[PDB]
Amino acid sequence: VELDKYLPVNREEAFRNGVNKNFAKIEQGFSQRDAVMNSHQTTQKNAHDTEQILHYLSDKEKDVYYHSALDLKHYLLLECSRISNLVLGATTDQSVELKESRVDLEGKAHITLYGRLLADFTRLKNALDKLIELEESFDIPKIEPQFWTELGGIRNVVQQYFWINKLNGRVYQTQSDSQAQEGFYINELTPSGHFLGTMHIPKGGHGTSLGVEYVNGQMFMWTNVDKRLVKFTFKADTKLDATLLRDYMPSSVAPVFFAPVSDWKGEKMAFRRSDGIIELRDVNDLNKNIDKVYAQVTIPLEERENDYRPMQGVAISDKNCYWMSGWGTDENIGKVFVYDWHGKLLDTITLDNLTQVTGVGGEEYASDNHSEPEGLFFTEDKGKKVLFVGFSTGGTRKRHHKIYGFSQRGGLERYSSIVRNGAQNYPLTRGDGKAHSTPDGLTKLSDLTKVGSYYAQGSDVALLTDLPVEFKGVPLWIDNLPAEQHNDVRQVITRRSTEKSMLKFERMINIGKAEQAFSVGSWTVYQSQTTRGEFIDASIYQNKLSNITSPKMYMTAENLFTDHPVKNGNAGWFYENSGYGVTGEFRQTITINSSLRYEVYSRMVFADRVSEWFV
Amino acid sequence: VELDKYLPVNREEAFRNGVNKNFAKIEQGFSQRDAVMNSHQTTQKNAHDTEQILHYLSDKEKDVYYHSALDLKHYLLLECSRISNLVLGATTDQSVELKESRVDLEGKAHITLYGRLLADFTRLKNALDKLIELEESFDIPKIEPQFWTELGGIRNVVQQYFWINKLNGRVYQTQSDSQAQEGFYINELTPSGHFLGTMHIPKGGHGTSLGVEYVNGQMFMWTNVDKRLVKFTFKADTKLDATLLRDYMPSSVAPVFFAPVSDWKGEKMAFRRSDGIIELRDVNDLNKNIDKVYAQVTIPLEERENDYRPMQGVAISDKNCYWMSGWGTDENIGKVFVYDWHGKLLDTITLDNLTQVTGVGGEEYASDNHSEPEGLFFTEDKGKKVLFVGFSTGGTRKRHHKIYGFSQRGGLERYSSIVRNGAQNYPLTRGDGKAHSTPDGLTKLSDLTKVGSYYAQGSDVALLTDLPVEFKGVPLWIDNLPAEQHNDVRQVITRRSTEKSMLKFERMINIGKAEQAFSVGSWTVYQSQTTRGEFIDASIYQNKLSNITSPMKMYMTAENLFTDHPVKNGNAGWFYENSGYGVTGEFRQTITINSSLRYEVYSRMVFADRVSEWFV
Amino acid sequence: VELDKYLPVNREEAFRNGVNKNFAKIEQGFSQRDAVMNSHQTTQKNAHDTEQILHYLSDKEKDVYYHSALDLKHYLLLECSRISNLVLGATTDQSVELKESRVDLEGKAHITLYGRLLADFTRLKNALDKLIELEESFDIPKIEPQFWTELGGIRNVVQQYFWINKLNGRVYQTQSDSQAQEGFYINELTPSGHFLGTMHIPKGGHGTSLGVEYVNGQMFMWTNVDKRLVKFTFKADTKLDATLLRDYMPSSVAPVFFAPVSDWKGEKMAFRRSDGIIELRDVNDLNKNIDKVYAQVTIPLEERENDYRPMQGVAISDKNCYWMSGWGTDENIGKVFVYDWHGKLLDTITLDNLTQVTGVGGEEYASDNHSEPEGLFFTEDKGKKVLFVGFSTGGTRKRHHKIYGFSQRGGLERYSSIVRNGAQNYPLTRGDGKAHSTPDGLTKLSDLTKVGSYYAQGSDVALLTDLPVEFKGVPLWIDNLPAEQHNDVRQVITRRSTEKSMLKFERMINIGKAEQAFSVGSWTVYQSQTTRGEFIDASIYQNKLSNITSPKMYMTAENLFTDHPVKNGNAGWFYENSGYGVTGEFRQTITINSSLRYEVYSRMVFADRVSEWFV
């Protein structure tokens, strides 16, 4: 079927005819395909060769790993070989045949063939079963949790719930509102965990969990607001009003408070209620205003209320229900419990082997010694099973969030890729936290064009050549700015002085590799003053005092003065150049402070001449 | 009353564009259904079982089973039963160990030893074979791609080609020059993707692809420039001329324009021609002037021209040929075709599942939009197979790059660790971009000695016992500098103020862990001026008006305040300034006036103990 | 009305309505055809008959039916004909069944049952053992190296030994003290490799190795000082003395100088003496002062001294011993030696393929062109066997530290998570070092509130509306500072003037997403100078002069003077505004620097009025 496409929208004739032509071709194609189907199903001569057909030995059930299936060609070859063997085979002594067969592979002798066969089959069975178990098992108590990433936030309130979106790959969190009536906020986050937007839903409770439903490639939330279930989507807006949208309240649990929760794919939903009973339900039957109960379990009181072991974390799978325990401090030691829908407990795990800032273990080890779990989520994606556990780490009014996950053996490889997608990849400072050191033998400051930090030794500073004069002798600090599109860079120079002054010199360097040319910008000098003045060396400036080309600075002390050509003065004063014009004329001025002889001299020191000093 | 209405044609563009898109979708549906049926009829391995097939009996077989229609499973079972039951008539079955030997593992009553043996052996064989094949599966339509890295660039044009050297692990990429004659650049990059150097080859065409050849542990590239293949090595040099170089053209394709491409080892070189035919050749033959053509591939026109779907990059393997497709927006949906050297098309892939910045999936979440599928390179190394797909993301003159890979189960570890080699390992700020908070129980400013940014809350802002009194009373910030070789640091302090002004202090710190000792340097202060100057407080400064230790403040204004301090009856708040700190406790203080109504300049040298009086 | 083509409204709608129904019909057709195909492939009962299927004959089959390709029906007919005419034998014993069972899976006929039974089991067992070997195989000459992390340090002396805690997962390394009588320092580190604290052990030798022991959940170190062993713990204290504590130094080893080393568990330690012989001892034995020697390993003298191939690090395992070689340059080629406790040399390894900053292996691609092997540590945890090799890179007084690893299949996942725990997650810049580019279609400056750097192009400046005047028409840069607890940010603006000045501005922004309200702070302008004053423009300022409102801009220009209130100076008088009061009032000063005419004019510029220009 070859359609036209690329139809011209301008010409009135071409488009109008092309539509009819394309529909005619499609209608022809459909009939052709249907006829080919019907011919294949009934009387085509060479429909299939034998190698494609799979023959089942014994029915049992189609177990994934213990197939009893053979290809028909191979079966027929076996049949022919068996018959031919019966035709052509010389029978011999019975006892000799039985005796030799009794020896097993290792070499011991067994009286009955039954024993030998059983031993061999048992050995191979165990050897296979071990690998099969390691391949697909998912056993929570034997798995180390790992660190995946952290989530952003708006304010200083701890999070309570989070979940993953299967279409966008975005993640959402809930934060408890501080208003009189307890509402909750909702946040959009990028797959790696950066902040985009917010909703505010007042009177929504403290937000333990919500419900998720996917319709037409879009998500919709379920939340009990003012005794109304309310189905709604996400907008970057403010406030939702329940009266606008019809409620789907089931009649049985209308009086008592409940909170909905949904599994990863969004097909089944459960309501947790005040008396501590969770019950499984179906969204579609909920849509059709039908009440249905499938299974329920009950939870003891020592894990509900905050004063014994607070209530944190709920999760749902296809055949299990997950629950988590209280404060998670050194007391009440936050744990997780796994149930089955028949109402049975299976396993329990203590949360003590996690990775913190200063070594794996408990609170002690990390931040402000306060740490506490907040939420649970379980997703099974792309054939792998991962359980996510949330934690909130920090202090009071200094709170941060983290997420940990238990894995099977594929695990987070994809999650590691997602995190790598949004991290820094250029090394600004070395991993230990130090700064880069200069390569051996740098001569001009324009040779070093790299992004990052750079610290140089006083000894090689000495090597350095074309550098400004006020920078001699002492160690230098070089911190290049990030960059331009053409790999142009800004360079910042600072001097290391405990006592004296820190000066900054800034330029732009144009490396000009491809088509642009080499270039060095004009220096810039920032202004600052410390608890010590700058001291002059007359020999440095050749005793002219108008060789002070550099931009504004300050000076102090008497005899340095005595060497000068300006007024003999018997006390020293600063050289400050107020301004520049076009031809290099700088507007020099010096001052005297106290009224012994109070004088401020100023003249236009052009490149060649100096006008008379006066006041 | 209601006259008829007419509208311009230009209002109709969106509808016609939707029509074109929908026609494209319908054609795609036919294409994929036709392909799956053709695969089902000839090459699929598990088409049907033996329960779905019916058999008709002829006259001879009708004498034995008396029926006319049986399914194949039942008929084969009956024949096996007859063959096995024919044997027992030949033997005396009074042996008991064989009778016990006839039951399988699951508890089945067999007829002879054959049934048990065959069933148990096939049961073990199937499980073991599937566990084998789990590790050797490499099928593109079932592999999700992961991100690998970003590549550098020198100008504001998109790249075209890239490849990995098998010796150094370096990356070489090509960009198209903007010269009237089409020339292309070559960039040598680090194993992670940072810039090292450049070569310029003008008048070399658009540079869609290039070839690779190894001589004595050196890399050589072949490029058809001005009718010459040219074999040469890379340098940090400009300009390559055909005159210095010997040509290796076969006469067959001498008039036609073409570009070469090589496999990861580089032993085989393939040509792509303007006719759209891709052919295989061997490098040894070309070097020794031998012409050999093994297989050819011919590709339709709708993937070649820029008016249907443009060309972007190719790559070849030992048994497969890889071709790539056009624009890659919401329309033209960049795709990958996998081929065979017999001239058969195998599979197709649509690139919509990728991981972009603001989300998973397609252009919407991508950026300024405009991802443009741009490259291909296939290499298997160290027993693992992987294929790389390039992209170009951004807008005009704002362009970035990314690399994606489809890998076997387990082939990426080395590449991820190579990237981890040259990344940042020390956290300057927290993950979400927030700044580190101060630890609980801080009293000394020289105790926050840790690399990174820091924000300090106002409530405890002043619980600090060390801090200039100017900084007092409002929230504060802290910005440490990276480090010194002896773990020494620079410390920077800034103030959080909305309407006054921002200050800045800097000093040196020596922690003194091994041999050096605790040391603190002097403060350094810049200057900052805004629409509201700082307010002097009489009570804070003990009224001396000479207690002001801090440098360069410009800290003044206000009537009132003047009366309390020494200088008498100002009737206006003149502003303090320090011209210079003559060393050792000596400062050049100047107080002054704006405008006249009386204009004067109070200046005096404030000694350590005493002050000389003012004069104008 | 030459342009435009017009269409009736009513007719045109009919076209769209016609097309849409056609599209819906086509989609329904696809749905039905796909459904029938899916039903055919899996569950249909009567897909084909036996006529349509073609069967190919093998080599064995061709000798029976003489054909090459037959239909399934005809082949089945031939089989049913042959089976009936089969006859068989008549022997009394079982024999016949054994004869029948001789056929193997591949259609070969074996003489006796033993041959088949051997062959089938061999065929299965080879493949089974291949898979079981692939997992627990640890063949170091075939394992490849990977980078894992860096380590911190104090001063410019290379590190010699390092080891890992098995409880808190911390890192310890030792640097050699540079005093006359050799000592060594001990550094405690974070799980990722960042610095915490230090001790000094004076006069302790070179500190090449040390012994580790765990008691009652506590860590103790054993080091040979002054012919004394002494067991001591780690404390935030300096200097260790053997005088106070009891020593465990054995009777036999009094004269020779020996250095202990411990395995990962710490149950066994061995002594490397100056003679080069290593003996195994049990830690529990020394705790009860019992002298025992298990095994000894002889080292060639050639790997001992400095002149031929220096000694770098050792490691012991529960079954094997490991050894390294000298300098590791292009000469002395660092190598690894594997030894067994029977005293046997096994394998040789060359370290040439490591990952360097600009290379996949060699030295030439390294650093300052220098790196040398530095240590070893063999440990297995959680069942995975991993060997770690350290390296130190750099030159004189410029030293770096790196760690490389050899791992079993699927081992490093935990260590990768450990490193990612303290890594960088927020993307500040691109990987190549570029800066973020401004979003397309930006209007106001305050809208761009995202952490990181930002470079702009002049064109964006052109549209941009909320920027101060002097900043016109130039490339501009935006550099945000990290964040605030309520997601508030700082902003810095720098002009890109190569010739002129790097003008800097600063303000603060409150987004007010959750509760607050959007608000922008005042500009603060830092003051700096270069080699060229700015030239003012009269048209821009509406020719007021006392309308300039910016903070210490310096201005000049002979020509514009006439266009301002100040009269007939005929030379470029300078501009500086000294200060701002409380009520917006500012002080303006215009100055001459020349004395050929020298003057200072300062006038109060209020909000509405101005005073006289005085002097």
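Residues numbered from 1 in each chain as written, not as in the entry; some residues may be left out. Chains lettered and ligands numbered in written order. Heavy atoms only, no water.

In the PDB archive, cryo-EM is given as the structure determination method for this entry, at a resolution of 3.76 Å.

Undergrad: What exactly am I supposed to notice about the overall build of chain A here?
TA: When helices and strands are tallied, chain A shows 8 helices and 31 strands. Here the C-alpha radius of gyration of chain A, 41 Å, is well above what a compact globule of 615 residues would show, namely 25 Å. If one aligns the C-alpha atoms of chain A with their principal axes, the spans along those axes are about 130 × 85 × 75 Å. Looking at chain A residue by residue over its 615 residues, the buried ones come to 53%. Looking at charge distribution, chain A has the averaged site of its 71 positive side-chain charges lying 3 Å from that of its 80 negative ones. (Helix = DSSP H or I, 4+ residues; strand = E, 2+ residues; numbered from the N terminus. Rg over C-alpha atoms; globule rule 2.2 N^0.38 Å. Buried < 20%, exposed > 50% of the residue type's maximum accessible area, 1.4 Å probe, protein only. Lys, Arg positive; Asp, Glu negative; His and termini not counted. Charge placed at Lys NZ, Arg CZ, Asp CG, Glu CD.)

Undergrad: Help me understand the packing of helix α1 (residues 13-42) of chain B against helix α1 (residues 9-42) of chain C, please; the structure alone is not making it clear to me.
TA: For any two helices packed against each other, the geometry is given by the interaxial angle and the distance between the axes. Where α1(B) meets α1(C), the closest approach of the two axes is 12 Å, and the angle between their N-to-C directions is 15°. Between α1(B) and α1(C), the interaxial angle falls into the category roughly parallel. The hand of the α1(B)/α1(C) crossing is left-handed. For the pair α1(B) and α1(C), the contacting residues are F15(B), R16(B), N22(B), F23(B), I26(B), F30(B), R33(B), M37(B) and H40(B) in the first and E12(C), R16(C), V19(C), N20(C), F23(C), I26(C), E27(C), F30(C), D34(C), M37(C), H40(C) and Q41(C) in the second. Residues that form the contact of α1(B) with α1(C) fall into these classes: 10 nonpolar, 5 polar and 6 charged. (Axes fitted to C-alpha atoms, helices over the stretch in contact; angles between N-to-C directions. Parallel < 35°, antiparallel > 145°, perpendicular 65-115°, else oblique. Left-handed = near helix turned anticlockwise from the far one by under 90°. Contact = heavy atoms within 4.5 Å. Nonpolar A, V, L, I, M, F, W, Y, C, P; charged D, E, K, R; others polar.)

Undergrad: Is there a simple way to think about the interface of chain A and chain C in this case?
TA: Many analyses report the size of an interface as the accessible area lost when the parts associate. Contacts between the two partners involve 122 residues from chain A and, on the opposite side, 124 residues from chain C. Between chain A and chain C, a total of about 11300 Å² is buried, with carbon and sulfur atoms accounting for 57% of that surface. The tally of links between chain A and chain C comes to 7 salt bridges. Taken together, the connections running from chain A to chain C amount to 38 residue pairs in polar contact. For the side of chain A that touches chain C, the element with the highest residue contribution is helix α2 (residues 72-87) of chain A, accounting for 13 residues. (Buried area = accessible area lost by both parts, 1.4 Å probe. Salt bridge = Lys/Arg side-chain N within 4 Å of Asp/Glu carboxyl O. Polar contact = N/O pair within 3.5 Å; in protein donor to acceptor, adjacent residues only side chain to side chain.)

Undergrad: How should the sheet that holds strand β20 (residues 344-350) of chain C be read in this particular structure?
TA: What holds strands together in a sheet is hydrogen bonding between their backbones, with the strands either parallel or antiparallel. All names here are of chain C. Read from one edge of the open sheet, 4 strands run β17-β18-β19-β20, paired in antiparallel fashion. The outermost strands of the open sheet, each flanked by one partner alone, are β17 (314-316) and β20. Ignoring strand direction, the axes of neighbouring strands in this sheet form an average angle of 15°. Across 5 bridges, strand β19 (residues 335-340) lies against β20 in antiparallel orientation. Within β20, the position partnered with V336 by the bridge is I349. (Pairing = 2+ DSSP bridges.)

Undergrad: Teacher, can you tell me more about the domain arrangement of chain A here?
TA: According to the domain assignment, chain A contains domain 1 (1-37), domain 2 (96-136), domain 3 (141-421), domain 4 (427-530) and domain 5 (533-615). If you average the C-alpha positions of domain 3 of chain A and of domain 5 of chain A, the two centres end up 72 Å apart. (Domains from an automatic or database assignment.)

Undergrad: Please clarify how the sheet that holds strand β12 (residues 231-232) of chain C should be interpreted in this entry.
TA: Residue and element names in this part refer to chain C. One open sheet accounts for 3 strands, arranged β10-β11-β12; its pairing is antiparallel. Both edges of this open sheet fall to β10 (211-215) and β12, since each of them pairs with a single strand only. Taken together, the 2 bridges between strand β11 (residues 218-222) and β12 define a ladder with antiparallel strand orientation. Looking across to β12, one finds that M221 is bridged to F232.

Undergrad: For this particular structure, what's the right way to read the side chain of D488(C)?
TA: Residue position: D488(C) is located in the loop between β26 (476-479) and β27 (489-495). With no salt bridge to any partner, buried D488(C) finds its closest opposite charge in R496(B), at an N-O distance of 4.1 Å. When near neighbours in sequence (up to four residues on either side) are disregarded, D488(C) contacts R496(B), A483(C), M508(C), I509(C), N510(C) and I511(C).

Undergrad: Mind showing me how you'd approach a nonpolar patch on the surface here?
TA: Together, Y6(B), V1(C), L3(C) and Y6(C) line one region of the surface with nonpolar side chains, adding up to about 490 Å² of accessible area. Position of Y6(C) relative to the elements: it lies in strand β1 (residues 6-8). Under the relative-accessibility criterion, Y6(C) is labelled partly exposed at 44%. (Patch = residues over 30% accessible without salt bridge, like charges linked within 9 Å, V, L, I, M, F, W, Y side chains within 5 Å. Areas by Shrake-Rupley, 256 points an atom, 1.4 Å probe, with all protein chains shown as cover.)

Undergrad: What's the story with the side chain of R281(B) in this structure? I'm lost.
TA: All names here are of chain B. Mapped onto the secondary structure, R281 falls in strand β15 (residues 277-282). Buried within the structure, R281 lacks any salt-bridge partner; its nearest side chain of opposite charge belongs to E279, at an N-O separation of 4.2 Å. Only 3.2 Å separates the side chain of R281 from the backbone oxygen of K292, close enough to count as a polar contact. With residues near it in sequence (within four places) discarded, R281 still touches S252, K268, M269, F271, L286, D291, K292 and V293.

Undergrad: Any chance you could explain the interface of chain B and chain C here in plain terms?
TA: Taken residue by residue, the interface counts 125 residues in chain B and 132 residues in chain C. Between chain B and chain C, the buried area comes to about 11400 Å², and carbon and sulfur atoms account for 58% of it. On the chain B side of the contact with chain C, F121(B), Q529(B) and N594(B) bury the most area, a combined 6% of that side's loss. Counting the contacts that link chain B with chain C gives 6 salt bridges.

Undergrad: How should I be thinking about the domain arrangement of chain B in this particular structure?
TA: Residues and elements named next belong to chain B. By the assigned domains, chain B splits into domain 1 (100-134), domain 2 (140-421), domain 3 (425-528) and domain 4 (533-616). Taken together, the contact between domain 3 and domain 4 spans 7 residues of the former and 8 residues of the latter. Run the count over domain 3 and domain 4 and you get 2 salt bridges. In this structure, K500 engages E534 in a salt bridge whose closest nitrogen and oxygen atoms are separated by 3.5 Å. Linking domain 3 with domain 4 are 3 residue pairs in polar contact, by the criterion used here. Within the side of domain 3 that touches domain 4, the residues separate by chemical class into 2 nonpolar, 2 polar and 3 charged.

Undergrad: Whenever I open this one, the packing of aromatic side chains confuses me. Can you help?
TA: Two descriptors summarise a pair of aromatic rings, namely the distance from one centre to the other and the angle between the planes of the rings. If you walk through the whole model with that rule in mind, you get 61 aromatic pairs over all chains. Relative to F23(C), the ring of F23(A) has its centre 6.1 Å away and its plane inclined at 90°; by these criteria the two rings are edge-to-face. Residue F23(A) is found in helix α1 (residues 12-42), and its partner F23(C) is found in helix α1; the two belong to separate chains. The residues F23(A) and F23(C) share a single accessibility class, namely buried. Ring centres of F147(B) and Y404(B) lie 6.0 Å apart, and the angle between their planes is 75°; this geometry places the pair in the edge-to-face category. With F147(B) in strand β5 (residues 146-149) and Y404(B) in strand β25 (residues 398-407), this pair connects stretches of sequence that are 257 residues apart. Here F147(B) and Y404(B) have matching classes, each one buried. Taken together through their ring pairs, the aromatic side chains of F23(A), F23(B) and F23(C) make up a single cluster. Lying across the ring of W477(A), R490(B) places its NZ or CZ 4.7 Å from the centre. (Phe/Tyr/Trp six-rings, centres within 6.5 Å; stacked < 30°, edge-to-face > 60°. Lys NZ or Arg CZ within 6 Å of the ring centre and 35° of its normal.)

Undergrad: What's the story with the state of the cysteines in this structure? I'm lost.
TA: Note on terminology: disulfide describes a covalent bond linking the sulfur atoms of two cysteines. Scanning all chains against the criterion turns up 0 disulfides over all chains. A disulfide-free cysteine, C80(C) has its sulfur positioned 14 Å from the sulfur of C80(B), the nearest such atom. Given a relative accessible area of 2%, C80(C) falls into the buried group. (Disulfide = S-S within 2.5 Å.)

Undergrad: Can you walk me through the nonpolar core in this structure?
TA: Here is a general trend for soluble globular proteins: nonpolar side chains tend to be buried in one another's company. Counting residues in each nonpolar core, the largest one holds 44 residues, and the members touching the most others are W163(A), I186(A), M221(A) and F388(A). When residues no more than four places from it in sequence are discounted, the contact partners of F388(A) are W148(A), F162(A), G375(A), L376(A), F377(A), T379(A), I403(A), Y404(A), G405(A) and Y415(A). By size, the runner-up hydrophobic cluster in this structure holds 43 residues, among which are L151(B), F184(B), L210(B) and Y415(B). (Core = buried A, V, L, I, M, F, W, Y, C linked by side-chain atoms within 4.5 Å.)

Undergrad: Explanation requested: the environment of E79(B) in the structure shown.
TA: Mapped onto the fold, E79(B) is located in helix α3 (residues 72-88). Residue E79(B) is classed as buried on the basis of its relative accessible area of 7%. The contact partners of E79(B), leaving out residues within four places of it in the chain, are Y65(B), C80(C) and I83(C).

Undergrad: What is the right way to read the environment of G217(C) from this model?
TA: All names here are of chain C. Its location among the elements puts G217 in the loop between β10 and β11. Here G217 falls in the exposed class, since its relative accessible area comes to 55%. Residues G217 and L167, spaced 50 residues apart in sequence, show a C-alpha to C-alpha distance of 8.2 Å.

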